[PDB]
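Beneath this line is the structure, given in structure tokens, with notes to follow.
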Amino acid sequence: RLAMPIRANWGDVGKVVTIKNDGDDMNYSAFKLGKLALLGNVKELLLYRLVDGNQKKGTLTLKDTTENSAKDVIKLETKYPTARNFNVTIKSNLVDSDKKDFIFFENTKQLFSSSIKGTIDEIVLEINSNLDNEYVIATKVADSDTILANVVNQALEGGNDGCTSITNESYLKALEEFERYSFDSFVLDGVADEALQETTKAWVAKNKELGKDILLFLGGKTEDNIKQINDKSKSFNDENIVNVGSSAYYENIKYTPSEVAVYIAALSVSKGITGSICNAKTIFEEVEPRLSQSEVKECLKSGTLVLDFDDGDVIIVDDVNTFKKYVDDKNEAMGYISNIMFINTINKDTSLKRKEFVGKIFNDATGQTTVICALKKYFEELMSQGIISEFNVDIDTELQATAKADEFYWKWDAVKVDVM
Amino acid sequence: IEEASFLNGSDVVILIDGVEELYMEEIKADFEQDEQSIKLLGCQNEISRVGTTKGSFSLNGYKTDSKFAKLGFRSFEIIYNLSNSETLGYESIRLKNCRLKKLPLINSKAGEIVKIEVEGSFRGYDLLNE
């Protein structure tokens, strides 16, 4: 599962929606960066749409002609809001007068065409249920059995572009709504703007205080050189923050480091715990600027995730996070995204065990033995799976020394496989 | 005449399957081995080796519920906290993957307490404390 704040003219506004294996334009992030998430083969993708406040749905009302005075019976509107030139053409059927042919356009090409007898309920049901109407909803104005008036190419109007303006207040809606939900990772939609990235960093720190250790993925802007890339990657020093360094090509677009971070997050989530992207090839056709050994070392030292064309294909140079500018108490393995998500999953499963031990167990020696034995059992199962080479889980005597009667602190420390 | 201490057997606290058991009187457990004695072809005293190990355990207590009959032959853990009071060095042992040899469905006499007896086998242990 991955979060996506797509800056898209298409998509449901102000709400999180999941997408199965089933937007399309290159200007809308639902496909421009929806592709970067989808191609990583994450099991499920959950999206959010960034839209300016002044933006609503386009609508279109239609009336009848069986009675000598026309009266509204059918209304049409976009499935999600947009100002796109989505037209509808309705023509009398050639064979039977009662039947009406309902034609829909994206811009001008025939998106849909079908004929229904004339009853309003079946017409709206055809315009809703049928697959070609993924871009449009029909709604009934009133119950009737009359024939509609003939119209041609009626654009659904009454809204604005979802890409009307990318702003901090517009951007923060995604994070505010993602507060409720939990994800393996969240990634910025390519806007390598310092205000947006820093607001996201503060938001993720808050969620960390809540125990929601969602993985944040980022990158510098196109104009950033190795100097600016490294400066901005060093500016963040969170275990959950990742700053992709280089721009990349997939087919046509010079995807910015922030944009490429979408595909890096998709790879990280799809890999899970077992797979690491330390030297994993990537589908990108090219990456620039080229990085030597010194440039690679400086970028990694600055917490930058580096993609380089040092072989036949683009290869992620290392699976590093912005915490690579480490501290002495934590080893360098702390500063690796696979290990970070592994630790967050451990924290989540131990939180589940905490829900399994709510207080019904007394805070005596016996309850301590019970809880630590349950944790030992879980880590032993992980060891049998081969994920853990060695672990030691024991009481957190320092925090348990000052712990009150109602609180209980423990700790764990486990080692994992290396890959060179 | 400096102090000594015997570990009185009423300090036991048995947790079977993660829930404390209150009515147990006696608990026994031990970790067997097949000796695999080999008589060498020239030397005149037998030689023994570890061989393969096997666990066995037993429990006695008062019947307070049908916990064990419900449990069946399903695997379960046992933890044994033998506390000491003169000094607080409790000896804690955990038995891994215990399994009842027989469900004590009914064991009752007319004019006596309804005691429960259990015996089985455990694949391994782990000395949690000492």
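Each value in this text was obtained by applying a stated rule to the coordinates, not by laboratory testing. Heads up, the Cβs are rebuilt from the backbone with ideal geometry, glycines too, and the neighbour counts pull from every protein chain shown.
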| Does at least one position in the stretch A:9-20 carry a residue that is hydroxyl-bearing (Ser, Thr, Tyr), surrounded by fewer than 21 Cβ atoms within 10 Å (Cβ to Cβ) and more than 13 Å from A:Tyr135 (Cβ to Cβ)? | yes
| field | Single residue of A:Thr345, A:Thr402 found to be farther than 23 Å from A:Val204 by Cα and out of contact with any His (no Cβ under 9 Å at 6 or more places or on another chain) | value | A:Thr402
| Limited to the stretch A:208-248, what total is found for residues that are basic (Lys, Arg) and under 19 Å from the mean Cα position of the chain (by Cα)? | 2
| note | Just one listed residue, out of A:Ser351, A:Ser389, is within 36 Å of the chain's Cα centre (by Cα), surrounded by fewer than 15 Cβ atoms within 10 Å (Cβ to Cβ), more than 14 Å from every other protein chain (Cβ to nearest Cβ) and within 30 Å of A:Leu218 (Cα to Cα), and it is A:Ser351
| Has the stretch A:206-215 got any residue that is buried (at least 24 other Cβ atoms within 10 Å of the Cβ) and within 18 Å of A:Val317 (Cβ to Cβ)? | no
| Within the stretch A:125-133, is even one residue assigned to a strand (DSSP E or B) and among the β-branched types (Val, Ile, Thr)? | no
| query | Just for the stretch A:78-89: of the residues that are β-branched (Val, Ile, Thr) and buried (at least 21 other Cβ atoms within 10 Å of the Cβ), which one is farthest from A:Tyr255 (Cα to Cα)? | reply | A:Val88
| Do the conditions hold for A:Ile229, that is, is it within 21 Å of A:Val314 (Cβ to Cβ), surrounded by fewer than 16 Cβ atoms within 10 Å (Cβ to Cβ) and either among the aliphatic types (A, V, I, L, M) or in contact with a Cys (Cβ under 6 Å, 6 or more places away or on another chain) (or both)? | no
| query | What do you reckon, is A:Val296 in a helix (DSSP H, G or I) and either surrounded by fewer than 20 Cβ atoms within 10 Å (Cβ to Cβ) or of a type in the set (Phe, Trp, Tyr) (or both)? | reply | yes
| remark: Restricting attention to the stretch A:35-77, the residues that are of a type in the set (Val, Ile, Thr), assigned to a strand (DSSP E or B) and buried (at least 19 other Cβ atoms within 10 Å of the Cβ) number exactly 2
| note | Residue pairs within 9 Å by beta carbon, gap of at least six or interchain, first lying in the stretch B:4-21 and away from chain A (no Cβ under 11 Å) and of a type in the set (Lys, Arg), second outside any strand (DSSP E or B) and surrounded by 14 or more Cβ atoms within 10 Å (Cβ to Cβ), listed first then second, are none
| said: Would you confirm whether or not the stretch A:361-376 contains a residue that is within 13 Å of chain B (Cβ to nearest Cβ), buried (at least 17 other Cβ atoms within 10 Å of the Cβ) and assigned to a loop (DSSP other than H, G, I, E, B)? | reply: yes
| message | Considering only residues that are basic (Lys, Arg) and within 14 Å of chain A (Cβ to nearest Cβ), which ones fall in the stretch B:87-118? | response | B:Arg94, B:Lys96
| field | Failed item, numbered, when A:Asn339 is tested on (1) assigned to a helix (DSSP H, G or I); (2) within 14 Å of another protein chain (Cβ to nearest Cβ); (3) of a type outside the set (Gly, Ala, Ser); (4) within 34 Å of the chain's Cα centre (by Cα) | value | (2)
| Given the structure, is A:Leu111 hydrophobic (A, V, I, L, M, F, W, C), more than 28 Å from A:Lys271 (Cβ to Cβ) and exposed (fewer than 14 other Cβ atoms within 10 Å of the Cβ)? | no
| task | May I ask you to verify whether A:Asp406 is among the acidic types (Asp, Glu) and in contact with a strand residue (DSSP E or B) (Cβ under 7 Å, 6 or more places away or on another chain)? | result | no
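Hand me the list of strands (runs of 3 or more DSSP E) wholly inside the stretch A:135-239 holding 1 or more residues that are over 26 Å from A:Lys57 (Cα atoms) and in contact with a helix residue (DSSP H, G or I) (Cβ under 8 Å, 6 or more places away or on another chain).
So the answer is A:185-187, A:215-219.
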| query | Can you pull out the residues in the stretch A:163-187 that are aliphatic (A, V, I, L, M), touching an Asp or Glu at 6+ places or on another chain (Cβ under 9 Å) and crowded, with 19+ Cβ neighbours inside 10 Å? | reply | A:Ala174
| request: Return yes or no: is A:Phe31 part of a strand (DSSP E or B) and either under 27 Å from A:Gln154 (Cβ atoms) or among the β-branched types (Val, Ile, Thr) (or both)? | output: no
| request: Would you mention how many residues in the stretch A:392-414 are in a strand (DSSP E or B) and surrounded by 12 or more Cβ atoms within 10 Å (Cβ to Cβ)? | output: 7
| said: Take the residues in the stretch B:46-86 that are part of a loop (DSSP other than H, G, I, E, B) and in contact with a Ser or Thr (Cβ under 6 Å, 6 or more places away or on another chain); name whichever of them is nearest to the other protein chains (Cβ to nearest Cβ). | reply: B:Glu86
| query | Can you name the condition, by its number, that A:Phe102 falls short on among (1) surrounded by 14 or more Cβ atoms within 10 Å (Cβ to Cβ); (2) farther than 11 Å from A:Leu148 by Cβ; (3) hydrophobic (A, V, I, L, M, F, W, C)? | reply | (2)
| field | Flag if A:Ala266 is surrounded by fewer than 21 Cβ atoms within 10 Å (Cβ to Cβ), hydrophobic (A, V, I, L, M, F, W, C), in contact with a strand residue (DSSP E or B) (Cβ under 7 Å, 6 or more places away or on another chain) and more than 21 Å from A:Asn230 (Cβ to Cβ) | value | no
